[PDB]
Each structure stands twice: as structure tokens, then as C-alpha cells.
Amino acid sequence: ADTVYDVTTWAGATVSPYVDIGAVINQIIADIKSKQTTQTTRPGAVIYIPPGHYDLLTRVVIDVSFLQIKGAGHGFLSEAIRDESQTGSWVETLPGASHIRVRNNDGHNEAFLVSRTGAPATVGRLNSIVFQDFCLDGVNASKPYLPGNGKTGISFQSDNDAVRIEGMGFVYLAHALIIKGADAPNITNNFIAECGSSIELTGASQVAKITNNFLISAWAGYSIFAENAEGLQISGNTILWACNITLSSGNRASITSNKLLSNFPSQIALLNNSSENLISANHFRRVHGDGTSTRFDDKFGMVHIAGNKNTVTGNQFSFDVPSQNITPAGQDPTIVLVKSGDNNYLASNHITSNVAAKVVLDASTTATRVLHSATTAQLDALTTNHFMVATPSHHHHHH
């Protein structure tokens, strides 16, 4: 069929894909549009990228639904370790597989911009665009990669439904993936590492599914940033280095069955009246020393809650930071800060820390329940408007 393209064998290209794969892909998209010319004759296409090192000089603009861009794998290599190592005898020093080196010279910072102008009720949304099994690489960057090199991998900037980002590698980018106005996006089985931020769901979103990923962005950005997100599902991910899942006015999220690790506070922040979110069956680990930052102090919380009726159940909170490195100096670090809101619920969580640490209930909070989720020594309730059923501990009395 004429809907199958390979960037290296398609003869209609006027530049080599090794020189500018962005120009080649744009030319393929123009070819698709010349063949798929009515609303009932636009099934889309597949563009295959074989293993190779490809420079991208021109931003790709996708306004075609059902476009699949696929390669041979995620191609990750730790450029951060490379850049701290003596690499003269390394067998390879670049990420690989189907490897796009993001090198725009066109005044734009995105390798891929997925965007259609118009009112969605009038022109239709972008639907079921698929990025699978290729590598996007910013080539050179320094920690924490934000602002860094300013480069973005994939950015969706118009309303979209059922998009799919699967099996990819993203490395050395300021922003790996940005999706504005996402409805039911599927972000799964990716390897995002050594980037400023990993996933940003901007504007608003409905029922995003973020599953089975490695998310390894650093401490200036977010692993998952979600603005006005309804119904987010975040599960089965390994989120490392500077795990930071921030919801701003997000509700009815399900954040379950993840491995979550940071060298910094704010592993989950439910901000700006984020309510009825579940945080269940996750392992949280806070450590120190893989980078340092004062973006947050240790009173911010491993989990920070500003909202109502959230549920924190069945998790482990494991904290190991040397006392001399805790901030503000001399203070007890915070495991969960319930900063504001009503009827939040913590139950059946185990808190293990190298120094005394606290669940803090701000004086403004109401009806918070803390049920086998803190010993007496682990609760710092700044209002009497809470219910405590303590995790058992000894020495209630002094004599």
C-alpha cells in the first residue's frame, strides 16, 4: 500500500534523512495530504525509521490523524554518565536505535509539533497519532536540564483524543513530552531519562493513562505535571532521581502501584484544590545527594496536599537524609503535609525514617483522618479538627 513509508527508502525526499529527518518527514506528510484528500479518505499512514543516527534541523508539524511514526527501539544511553566519564575507549558514546538528534536551526525548540488550528467542534480533533519505539535526543545538556538546552521532543498543542506514545526513549531534552488538551492519551512503556521534565499534560486533560514507564527527569522540572486533569491514571511506573508528580487542580486521579524515588521533596504535590485523588500501594523513597537544590525544603512533604477528600492508603514512606542536610536546619522533615482542605484520609501506611519525621496537619485543615498511618511521635497536628487512630508505639506515660 502507498500508506507505508521508510524515511531511508522513500525516493520523494529532497534531503537526506541523516541530514534533516524533520524535512523528510514533513515532505512525507505533504505526500500523504496529496493522496488523502477528503474526510472519508484519510486513514493515515506509517513512517518507519530504521536504526541510524539522524539529525533533525526542521521542526515536524503533524496535523494528520492516525499517523504512526515507529522505529526499532528506545535507544537509551546515559549521556549524563558519559559526560562524567573518560570515554576514549567506549565502544559507543551516543544513544542509538532509531536515533533522532534534535538539532533545530529553524527558530523552534520542538522536534515534533502536533497541532491543528480551528475549533474542534468544526474541524475535528487530532485522533490516535502514534509515536512508537524511537529515540529523541537533545545531544548535549547539563543538569538539571531546565532551562537547559531548551529542546522539546514531542509537543501536542491542539485538542487531541486517544494519542499514544509507547516504547520510546527520550534523553537530554528540556521537555520530553508535552500534551495540551489531551483526552484519553496513552503514555506507556517509555524510557524518559536525563531530561528537565518528562510528561506535561497542559491546559486540561481527561482520563490520561500513564503506565509502565521509566521516568527519570531531574530536580528543576516534573516527572508528571498535570494542569486541570480529571481522572488521571498513573500506575506501574518507576519514577526516579527527582520524582515529582504535581497536579494543579486535578481531581479523581488514581496513582497506584508505582515505585517512586526522589533526592528532593514533592514526590506528589496535589496543589490548587486537587480533590478525591487516590494514592495507594506505592513505594516512596526519599534519599539525598544525587544533585542538590533549594527549590523545596524538607517541610514541603514527600506528599503535599492542598485539596479535599484525598485518599492515601497502603503505601510505604521510606526517608533517609542525613540530619546535617535537612532543611530548614534543625527541623523535622515532613512525610505528608496536609496543607489545606477537608476530609483527607490517610490509612495503613508505614513510615520509616532515619530521623524523626512527621505527618503535618496545617491549622486550616478539617476532618483529616490518620488511621494506622503515623505513630503519635509521627503526627504533628496543628489543629484539633482531625481524627487520629495511632499506629501503636511505646512509652505513652513518663512514670
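Note that residue numbering follows the sequence shown and begins at 1.
Between 232-240 and 290-298, it is 290-298 that carries the larger average Cα temperature factor according to the deposited entry. In this entry, 76-84 shows the higher mean Cα temperature factor of the pair 76-84 and 124-132. You'll see in the entry that, of 155, 310, 323, 254, the Cα B factor peaks at 323. Across the options 263, 280, 149, 188, the residue with the most elevated CA B-factor in the record is 149.
Sorting the modelled residues of the chain by their CA temperature factor places residue 89 in the highest third. Annotation for residue 68: C-alpha temperature factor in the lowest third relative to the rest of the modelled chain, per the entry. Remark: residue 339 belongs to the middle third of its chain, ranked by C-alpha B-factor as recorded. Remark: residue 358 belongs to the highest third of its chain, ranked by C-alpha B-factor as recorded. Split the chain's modelled residues into thirds by C-alpha temperature factor. Residue 306 is in the middle one.
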